[PDB]
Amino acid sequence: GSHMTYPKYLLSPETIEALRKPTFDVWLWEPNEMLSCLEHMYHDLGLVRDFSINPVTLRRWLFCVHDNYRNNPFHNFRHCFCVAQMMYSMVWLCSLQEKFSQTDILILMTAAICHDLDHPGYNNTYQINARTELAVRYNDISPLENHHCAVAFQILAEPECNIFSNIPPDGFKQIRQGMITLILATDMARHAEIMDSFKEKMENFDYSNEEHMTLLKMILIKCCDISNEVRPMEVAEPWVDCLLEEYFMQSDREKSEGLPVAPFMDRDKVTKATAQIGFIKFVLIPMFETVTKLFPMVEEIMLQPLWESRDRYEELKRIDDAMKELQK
């Protein structure tokens, strides 16, 4: 809708606007356009202003982060973009700038971007069972999440990537601690533990209680991380196949190496529909239900697409099961 054509990395006013909503089609963009989107978020949220981030350093940092993501079917730079874009959408939807400080927004955004750095495409169960260098280094304690974290701080230690260079040491330590808590909280083995702790605080929630806010930030990063099904069907659906592509690579390797295989990774046991029905019903919907108690606007924007998705996979399951029965 402009008088002349601008290159892809110069985001159109329409893209800038659409970027604020969970309906944003994450598939339409090349890495350079996604990098421009992430950069806009830091300026738009007032993070460049409030933390005196050098605008060039922000770009170098984002480019370095992009480079440290692997070309995996799921755990890649586009996934990193989803999580950060969903976080950014949640800041607007939930009016997080009213409830959280700029330091908290910075932690939420930086942890969302860094949460899966250098992911190898094989989960913690593979690392542990195969006794990999990562499992040995981290003593079987969230090896991947600990690594994503370490890589995040290794990038920030490079002077041309240090977006925190103008932040006083006390501020840096505060951001570092918060980011470590958030990235480590993305380990799904801790889901029930984190959900229970949050629900316990939800009995009488306090926005001025640091412990309550830490748990809310952990729940927010967890929400964003597994949020694909909140997105429109056309955007959400291709992500399941990407994850299954990664899971099948792992189970094949586990079979070959004589290691235990998880049923949800077994090509003959798992179906996209049955895997998604369960995940939506027992992981996604209950998690977003607890958030809705604090942010009532999350029901219409995030629970409604989850209900629609659950109902569509139930339809797909009826057809898929009948189809798979003819195949034998």
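Residue positions are given as counts along the sequence shown, with the first one as 1. Note that the rigid core is defined as the largest set of C-alphas that superpose within 1.5 Å between two forms.
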property: In 8 other deposited structures of this protein, rigid core aligned: more displaced of 44-52 and 270-278 by C-alpha RMS; result: 270-278
property: Comparing 233-241 with 102-110, the one whose average Cα B-factor in the PDB entry is higher; result: 233-241
property: Given 53-61 and 291-299, the range whose Cα B-factors average higher in the PDB entry; result: 291-299
property: Out of 75, 201, 217, 191, highest CA B-factor residue; result: 201
property: Candidate set 262, 45, 38, 280 [ranked by C-alpha B-factor, highest]; result: 262
property: Residue 29, C-alpha B-factor rank within chain (lowest, middle or highest third); result: highest
property: Residue 19 CA temperature factor, ranked by third within the chain; result: lowest
property: Chain-wide C-alpha B factor ranking for residue 256, given as lowest, middle or highest third; result: highest
property: Entry-reported Cα temperature factor of residue 247, expressed as the chain third it lands in; result: middle
property: Record-listed C-alpha B factor of residue 121: chain third; result: middle
